[PDB]
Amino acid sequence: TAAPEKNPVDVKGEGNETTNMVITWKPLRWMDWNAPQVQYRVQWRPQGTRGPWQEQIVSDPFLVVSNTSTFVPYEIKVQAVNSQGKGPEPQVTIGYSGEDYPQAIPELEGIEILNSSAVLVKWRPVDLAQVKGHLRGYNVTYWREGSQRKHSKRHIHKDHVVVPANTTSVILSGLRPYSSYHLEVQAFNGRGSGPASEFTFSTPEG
């Protein structure tokens, strides 16, 4: 019997609620314990504030951190410990509290009319500090004038395009010539989508 051989890997820090941050790691292989029982030394503090480290020694491979702010980064260290001592100093990982709906509305750059049937919608990248999460993509919902209206579960179908978070334009084809479209653009993360910006445009006679 001796100190633990290695510290855990696969440290992660992600909450399911904007008031918590679940921390997790990979339980150590028993060959790495060097004793018949092993605990995990878990130190954490926000990144930015850098006060004292909060600390807690639990035996399960996870620790629920509560009473947090919405989506804020924490420094995280996990260190195996037993009767004989501690493992090497842990390596520092970063992890965030829960995600929340986005505050950023997307600002227009220009809407370029290509055909009687296609248009290139170009918005600006959103301020990440307003996303309150990991920016996952952008959400572009467009619909036609809407003249007929005889159905419900699927009336005047509002089509939409999903693009990654690092493309700041999209082409929208398949349009009807000489029509009026509305248009909404949203950022989204894991939680949800932010408020939509509103725009209209018109297709040529074709």
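Throughout, we count residues from 1 along the sequence that is shown.
> Mean CA temperature factor from the deposited coordinates, higher in 146 to 154 or in 162 to 170?
According to the entry, 146 to 154 carries the higher average C-alpha B-factor.
> On average, which has the higher Cα B-factor in the deposited entry, 173 to 181 or 36 to 44?
The entry gives the higher C-alpha B-factor average to 173 to 181.
> Would you mind checking where the Cα B-factor of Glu198 ranks among the modelled residues of its chain, as the lowest, middle or highest third?
For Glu198, whose C-alpha B-factor we compare with every modelled residue in the chain, the answer is the middle third.
> Looking at the temperature factor on the CA atom of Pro73, which third of the chain's modelled residues does it land in?
For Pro73, the deposited C-alpha B-factor lands in the middle third.
> Would you mind checking where the Cα B-factor of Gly133 ranks among the modelled residues of its chain, as the lowest, middle or highest third?
Top third by C-alpha B-factor.
> Report the third (lowest, middle or highest) to which the CA temperature factor of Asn115 belongs, ranking only the modelled residues of the same chain.
For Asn115, the deposited C-alpha B-factor lands in the highest third.
> Against its chain's modelled residues, does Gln56's Cα B factor rank lowest, middle or highest third?
Its C-alpha B-factor, which the entry lists for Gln56, ranks in the lowest third among residues of this chain.
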